[PDB]
Amino acid sequence: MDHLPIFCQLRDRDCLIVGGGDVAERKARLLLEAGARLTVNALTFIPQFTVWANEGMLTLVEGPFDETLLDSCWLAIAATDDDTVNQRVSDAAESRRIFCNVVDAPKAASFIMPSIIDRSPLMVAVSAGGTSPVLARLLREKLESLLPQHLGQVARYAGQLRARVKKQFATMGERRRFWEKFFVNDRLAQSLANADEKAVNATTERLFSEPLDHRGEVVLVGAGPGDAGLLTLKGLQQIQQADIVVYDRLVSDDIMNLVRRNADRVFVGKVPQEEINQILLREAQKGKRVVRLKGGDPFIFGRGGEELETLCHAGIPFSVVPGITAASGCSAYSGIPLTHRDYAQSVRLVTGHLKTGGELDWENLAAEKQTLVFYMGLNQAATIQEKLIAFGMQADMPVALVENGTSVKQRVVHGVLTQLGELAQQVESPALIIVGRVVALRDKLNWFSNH
Amino acid sequence: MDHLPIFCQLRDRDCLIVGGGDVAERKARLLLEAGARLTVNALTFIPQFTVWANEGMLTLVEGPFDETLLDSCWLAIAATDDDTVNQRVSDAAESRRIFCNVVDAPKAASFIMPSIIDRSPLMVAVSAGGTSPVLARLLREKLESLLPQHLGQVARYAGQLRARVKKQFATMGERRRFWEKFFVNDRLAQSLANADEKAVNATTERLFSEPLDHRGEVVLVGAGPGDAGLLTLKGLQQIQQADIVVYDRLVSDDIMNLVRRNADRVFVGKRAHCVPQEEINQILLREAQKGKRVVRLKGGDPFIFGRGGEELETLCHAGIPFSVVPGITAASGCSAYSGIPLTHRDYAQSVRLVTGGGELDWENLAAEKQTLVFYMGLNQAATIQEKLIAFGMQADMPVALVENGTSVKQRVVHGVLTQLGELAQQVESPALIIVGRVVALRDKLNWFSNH
Ligand SMILES: Nc1ncnc2c1ncn2[C@@H]1O[C@H](CSCC[C@H](N)C(=O)O)[C@@H](O)[C@H]1O
Ligand SMILES: Nc1ncnc2c1ncn2[C@@H]1O[C@H](CSCC[C@H](N)C(=O)O)[C@@H](O)[C@H]1O
């Protein structure tokens with residue numbers, strides 16, 4: 001990330017503003033509301049600074065820049081229209097390791113002042129680092145319309161209850177469940193905004209009195225096939241609140257960025273199945289919220305049933321959030337719809353790597369008017385070609401392989417069935433093989449990329 | 001104001017973390033992502049730290065906290081479990097005017113770490129001053145769903161274009177209307193993320209060529225099977241940006257409640273008076289030809305028995321840009337929410353999604369090692385049971401019917417094949433017929449509750 005947002009406690013800490021114009025005044029007003037001990041150093045001052053100075057709210061130093069005024073400071077702001085002066089300020093701040101903002105030069109000097117949405121004590125800060133002030137302001141207004149103006153009172157009351165919550169609830173999980181009920185209780189928010197203290201108390205005492213669940217839980221969450229935008233809203237909620245996230249190699253890097261930063265992550269990629277069940281079983285017995293993040297959809301060639309059998313065998317509660325399976329994602333993003341008019345009566349999702357000497361029912365798979373989608377069939381692509389042809393599929397049946405479907409690394413190769421073996425040499429796992437007349441729709445429906 | 005939010009430039013600046021456990025690992029990952037020149041001081045380090053050190057990512061100093069490690073530091077984080085050590089760290093940072101965070105004691109320090117939504121260079125930070133970390137996480141979750149993953153690339157590109165935008169739009173009112181359709185242009189964001197560097201210039205040059213009023217495009221969005229939580233992040237983002245939403249009765253009202261206020265809605269579903277597909281095709285064409293951002297919302301997944309292919313061919317001839325957001329198909333939703341996985345161990349080599357029109361290959365559907373999922377099949381249900389018994393499927397094959405899958409009114413009826421015709425009258429559209437051995441697992445994996 002380009003910047004690290006922090007929320008600084010400036011109360012009674014010295015800060016310096018150099019410059020005495022309109023820009024300096026708006027930054028000074030901010031620092032004053034944050035309680036800073038403020039010095040302003042400038043050749044001239046607009047009248048607002050004299051009004052602040054006679055109220056004793058800051059110190060004015062009328063004159064050129066004095067570097068020694070930085071000696072006690074925690075923050076420095078260069079707010080003159082003289083870039084030579086602003087750079088002397090920035091240089092002096094740098095040598096002293098004082099974070100310094102140069103208002104007219106965001107890319108220089110060590111901090112940026114963001115746009116602020118204030119629901120005190122709740123605060124939201126927005127900045128595009130100076131690369132796009134219009135987007136920061138567009139975003140700032142949208143956030144203004146979505147944050148209710150009684151949220152400050154809800155947050156203020158939360159702060160007042162924190163000691164009691166810590167005293168009455170022993171486990172972190174029991175305290176988080178209390179807070180999760182607290183922050184979605186609309187009647188409590190309303191009673192706070194109305195200063196209705198009998199109602200605040202009645203709801204609060206009931207909240208403290210509820211039996212808060214003590215169980216751990218396992219949620220199986222389909223990550224989708226790669227693109228982070230293909231996570232479901234419920235899936236995002238689970239990994240934004242998980243204690244632990246058990247993920248594999250087929251969950252994309254972008255989806256792992258949506259995981260709550262405070263969550264522990266355990267990789268189980270290449271690990272057999274007997275092991276994954278074990279991690280899930282024991283992390284859930286610790287009373288922790290566990291998410292098993294699986295590529296695609298958990299119940300389509302994902303051994304999701306096997307993970308849930310063990311937890312049912314152990315009395316551990318669980319749920320399942322379905323995901324965009326690889327077939328749907330690659331279909332959408334390659335421009336190959338899985339059904340279309342009477343091209344396809346049926347869609348077949350097939351595994352290409354099977355148990356022991358188990359054989360696919362090739363005469364069944366070769367039937368017309370269907371779309372075949374082979375999962376993990378890359379290394380058997382030459383056998384699929386041979387078998388489909390031998391069991392009657394026409395030689396010029398279109399085929400496509402979609403490698404890393406829906407991601408920015410997506411590659412699609414396509415051809416006819418007699419090419420399937422050669423085409424598979426040109427991609428690598430993870431890839432889908434799609435066989436069917438719908439493949440020819442690609443050059444009309446492909447919106448995603450030339451790769 | 002209690003805390004002043006600032007966005008710090010940390011690249012190549014010395015920062016110090018004291019502590020070497022899981023808490024310090026989370027803070028260190030954040031400061032590494034910000035490019036800090038990081039030293040970590042701890043009595044011991046969890047292995048993730050020695051990995052970072054071996055990779056040259058940071059510096060490890062093993063031993064008790066040493067004040068002089070602060071001597072050139074810009075930020076300090078106390079991340080140990082020992083209050084006495086955290087206090088020594090915070091006292092030593094205070095006397096050096098180094099902003100310091102005590103992870104376990106947010107008001108004992110000089111800065112708070114807020115929740116971060118990272119779309120660099122665009123950044124959003126949420127904090128309530130330690131009063132409400134759960135509220136901050138809830139807000140961060142909401143914002144994470146609203147802000148597209150590649151927004152940052154759009155932000156950076158806007159910055160390169162500011163020069164050109166000013167000297168081509170006189171009034172600042174126009175310039176903003178330009179930016180407003182700029183930061184929502186789907187193909188611009190996709191073309192930036194895919195490094196398709198001439199599609200970027202192709203859609204950049206057109207953005208100035210089009211009349212400022214013209215935002216004409218069609219997005220096919222899969223609404224998923226009913227539960228509003230099963231919409232994708234990307235689907236929600238597209239719905240929030242639409243001028244017009246064209247939807248049908250199989251789009252749940254929970255999903256329609258997510259489409260924002262002043263968007264036009266066009267209902268093309270059944271009113272009794274069947275609507276043929278061609279008039280639907282014309283409506284999208286018509287609404288997109290007036291320069292409006294059109295979202296075609298469809299139940300489930302657009303490319304699985306949704307005729308979505310048919311709607312995009314109408315647009316391809318007219319030169320109307322389109323894209324597709326896949327959705328959770330009914331088979332995936334009903335499988336997760338009825339505890340019937342579509343695959344499991346070696347119960348099924350293949351999953352077949354089939355419609356119930358055209359003529360069914362009955363010998364083919366009766367073959368073993370399949371999970372059969374019948375879409376739109378309730379009418380032919382009596383025929384389906386008769387034909388599958390007559391073509392060799394065992395009479396004791398488990399069947400299930402899932403009606404209104406994933407909604408608060410979902411009903412699931414299950415028996416064996418020879419009762420399939422009877423069970424079908426007990427449900428109504430929309431319903432799935434699932435035939436296969438996996439159906440027996442619902443007894444163990446059903447976590448939703450039946451209505
Ligand atoms: N992004 C992707 N592009 C192409 N194929 C993918 C893919 N992600 C997963 N797959 C396919 O899925 C196989 C793993 S089997 C697990 C699939 C997952 N449960 C789902 O529903 O999609 C891979 O071998 C590959 O064939
Ligand atoms: N919520 C739901 N529960 C059960 N079946 C559903 C369903 N929603 C859609 N269906 C099935 O889908 C059929 C309409 S065809 C459209 C299906 C959609 N494109 C999808 O991908 O799911 C209905 O006849 C019904 O069989």
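In what follows, chains carry the letters A, B, and so on, assigned in the order in which the sequence lines appear, proteins first and then strands, with residues in each chain numbered from 1. Numbering of ligands and ligand atoms starts at 1, following listing order.
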Starting from [atom], find the nearest protein heavy-atom neighbour and note its residue, name and distance.
| atom | result |
| --- | --- |
| atom 4 (C) of ligand 1 | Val402(A) O, 3.2 Å |
| atom 12 (O) of ligand 1 | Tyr375(A) CD2, 3.5 Å |
| atom 6 (C) of ligand 1 | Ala326(A) CB, 3.7 Å |
| atom 18 (C) of ligand 1 | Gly295(A) O, 3.3 Å |
| atom 26 (O) of ligand 1 | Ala431(A) O, 2.6 Å |
| atom 3 (N) of ligand 1 | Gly405(A) N, 2.8 Å |

Judging by distance only, is a nitrogen or oxygen of [X] under 3.5 angstrom from one on ligand 2?
| X | answer |
| --- | --- |
| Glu403(B) | no |
| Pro225(B) | yes |
| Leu250(B) | no |
| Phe374(B) | no |
| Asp301(B) | yes |
| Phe305(B) | no |
| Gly300(B) | no |

Using a cut-off of 6.0 Å, state whether more than 12 heavy atoms not belonging to [X] lie near its atom [atom1].
| X | atom1 | value |
| --- | --- | --- |
| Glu279(B) | CD | yes |
| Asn257(B) | CG | yes |
| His353(A) | NE2 | no |

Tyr337(B) side chain to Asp227(B) side chain, donor-acceptor N/O pair below 3.5 angstrom
yes

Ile300(A) heavy atoms within 4.0 Å reach ligand 1 at atoms 17 (C), 18 (C), 19 (N), 20 (C), 21 (O)

Run the numbers for me: atoms of ligand 1, each under 4.0 Å from some heavy atom of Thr325(A), listed by number.
20 (C), 21 (O), 22 (O)

Would you mind telling me if ligand 1 is within reach of the side chain of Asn404(A), the backbone, both or neither, using heavy atoms under 4.0 Å?
backbone

Is there a donor-acceptor contact under 3.5 Å from the side chain of [X] to the main chain of [Y]?
| X | Y | answer |
| --- | --- | --- |
| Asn277(A) | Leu280(A) | no |
| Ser332(B) | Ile328(B) | no |
| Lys298(B) | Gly308(B) | no |
| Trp447(B) | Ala336(B) | yes |

Determine whether any heavy atom of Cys334(B) lies closer than 4.0 Å to an atom of ligand 2.
yes

Would you mind listing which atoms of ligand 2 come within a distance below 4.0 Å of any non-hydrogen atom of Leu432(B)?
4 (C), 5 (N), 26 (O)

Have a look at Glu403(A) and tell me which of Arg411(A), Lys409(A), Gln410(A) forms a side chain to side chain contact (heavy atoms under 4.5 Å, CB included) with it.
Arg411(A)

Among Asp248(B), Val324(B), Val325(B), the one residue meeting side chain to side chain contact (heavy atoms under 4.5 Å, CB included) with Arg296(B):
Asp248(B)

I want to check something: taking the side chain as every heavy atom from C-beta on, are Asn194(B) and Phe448(A) in contact at a cut-off of under 4.5 Å?
yes

Are the charged groups of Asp361(A) and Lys369(B) less than 4.0 angstrom apart, N to O?
no

N or O contact, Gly302(A) vs ligand 1, cut-off under 3.5 Å:
no

Closest to atom 13 (C) of ligand 1 among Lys409(A), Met376(A), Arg249(A) (heavy-atom distance):
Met376(A)

